[PDB]
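First, one chain by itself: the form deposited in one PDB entry, in structure tokens.
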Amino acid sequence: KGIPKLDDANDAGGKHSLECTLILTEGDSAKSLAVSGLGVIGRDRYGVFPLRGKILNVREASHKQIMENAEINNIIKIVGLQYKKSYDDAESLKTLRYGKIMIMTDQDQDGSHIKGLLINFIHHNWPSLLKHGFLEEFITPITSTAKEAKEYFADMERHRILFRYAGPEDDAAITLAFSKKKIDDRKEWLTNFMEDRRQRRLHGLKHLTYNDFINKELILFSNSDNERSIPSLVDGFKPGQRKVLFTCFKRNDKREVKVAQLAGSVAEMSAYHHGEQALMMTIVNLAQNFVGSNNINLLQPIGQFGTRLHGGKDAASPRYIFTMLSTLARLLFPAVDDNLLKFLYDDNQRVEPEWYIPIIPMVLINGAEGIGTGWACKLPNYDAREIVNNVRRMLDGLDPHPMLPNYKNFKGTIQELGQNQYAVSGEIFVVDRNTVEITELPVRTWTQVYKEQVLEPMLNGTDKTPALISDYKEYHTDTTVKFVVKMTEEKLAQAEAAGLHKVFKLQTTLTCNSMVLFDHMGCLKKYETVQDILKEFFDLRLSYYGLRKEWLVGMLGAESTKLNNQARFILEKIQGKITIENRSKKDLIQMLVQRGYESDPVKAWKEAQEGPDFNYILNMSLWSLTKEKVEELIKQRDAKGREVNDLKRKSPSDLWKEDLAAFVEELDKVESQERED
């Protein structure tokens, strides 16, 4: 009676209410599948209503948020529930329009979270209903077609699982999962889970209690929530971000690509199994370059990707904005290192690696940030050039210098107040005895938000505060801040006595006591200092420069051997020592073997990293026998031989220094061109 998306049961509200089931689905697409499966007979005792994703965690949400939540209220009216009302006896159960709620979500982790949020909602307001068997779920395999829907519902018994309340263990499990006062308990809860899962990874491998649902099904979401929200220390990426970079590297676009088009390409090439809107969000976040976002954006923002006016919220639609790799991206993630990574497999398709190994700790450059379950991560930005200098110091066996947070193009100051605590201050100075000027806001204070929440209440006053200024004007650009503020002589004197930065809200505190990351083994770890992050990154990256040299010696050696055989075959051919004309394939192969020619050395070497093949010789064109091509082939062979020796003479440290120098050169050119443009 007033619920647009509701397909109410025919007998709902009448005398057969307690025999009616309300099916709450995960989204409208799931609703139509349920309505399709119920046929026509299902309308008498089954209603369908869709949930628009995650619902409110009512256990500790404010009363205002609970009263104004449309989805919670819709469920209450459809079922006929009432707050504070107990459902103990059978007399109280008559005011309900439905006797059972059947949750129908995807059989993935986020579906389990929605189930738990519904369980948390009923358990917090009507615990007596759970002891009556009010909640159940409809299981599916792994959405599907209309024909499959009617086959699931025809076999309703095999897909219907009922939740069971068995004692206070169920209350404690629900509280463990959804109470804000149980964050530390969730840390221990997940710590035991991650530890136990490693033990069995080294070895092997119709009723459901709420305690078993929390501790055996919901925990898979909570852990997966951390795996997708807490970045890796090695490359500073989360898996979704890493899939984007992997796709951009594999495409190697030389011209702009629409963000929406790229998102579709990422989902296909990297097996991204979530909605594309989140993926398009990730791409926009990876491309932003305004003050307070990325110190080095790996994707270029070609279009309106947001400004410091609205903290990037003013970005245009992803169907109208373009992007492509920054020229620094491949200097930070050298393509040769791809041969050293562990690439994952989804549906037997090879996808992104478990991590990339950049030349500097990218987790410190762009400020890794993420919210999971139990833990969260928050890192500020750090200066790329200072990071390089500390890497160069550690390569010389010296201790790295301490580092303060640093944001590109930020004109203010960041001062250390204590361990992992910092004061971030904008810029304000007195012009005359009636004027101050504000030329910088602290990091992540957006211009429009500062205007509306600080300067307008200072100009007009509120119901709780007086006016402080008489006027202000704005002279901003898209990337800078300039407020000119007018005050009386008296008010300005009082503002200076109290502190201009304090009065004008131009100083904010930055506290970094939750630097939680996945280490290189995939273990969640809390890091107390950025130096600890830098050190753990340094040893791994240096070791991989060792692996890269071993790889290059083998690969360049095989290429040298290959050119030696090809050059030998051409020289022996243009002199009459060997002939192939009108010879059979069998005789030609057995002859090349008998004369000491090697099977494809590059293919052999690549297969070693896991009949004779002379195609690398006989697929050469007939041009190969002509004079200029013989001279060209001999010079290429001799040049590769010198290339092997030049590489053998370099240390892993030398290779790292070459990469760092090449990166700094392009970083200077790009950042200088940015200031020109």
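Think of the rigid core as the biggest set of C-alphas that the two forms share within 1.5 Å after superposition. Counting begins at 1, following the sequence as shown.
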Check your understanding: Checking the other PDB entries with both flanking residues built, is residue 460 absent in a third or more?
Key -> no
Practice problem: Please report whether at least a third of the other compared entries leave residue 141 without coordinates. | Solution: yes
Residues of the deposited chain absent from the coordinates between residue 142 and residue 143 total 10 or more
Gap between residue 205 and residue 206, counted in deposited residues with no coordinates, falls in the class 10 or more
The stretch carrying the higher mean Cα B factor in the deposited entry, 144 to 152 or 104 to 112, is 144 to 152
Comparing mean C-alpha B factor in the record for 651 to 659 and 20 to 28, the higher one is 20 to 28
Among 201, 408, 378, 502, highest Cα B-factor in the entry goes to 201
Entry record, C-alpha B-factors for 615, 621, 609, 57; the maximum is at 609
For residue 127, the third of its chain by CA B-factor is the highest
On the chain's distribution of Cα B-factors, residue 223 falls within the third called middle
Chain-relative C-alpha B factor for residue 460 (record values, thirds): the middle
Residue 78: CA temperature factor from the record, placed by chain third, in the highest
Chain thirds by Cα B factor, record data; residue 597 belongs to the highest
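Only in words, not in the display: the form deposited in another entry, which the text now covers.
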With the core superposed between this form and the one not shown, a CA shift of at least 2 Å among 579, 434, 470, 513 belongs only to 579
**Asked** Does the distance between the two CA positions of residue 627 reach 2 Å or more between this form and the one not shown, the core being superposed?
**Response** yes
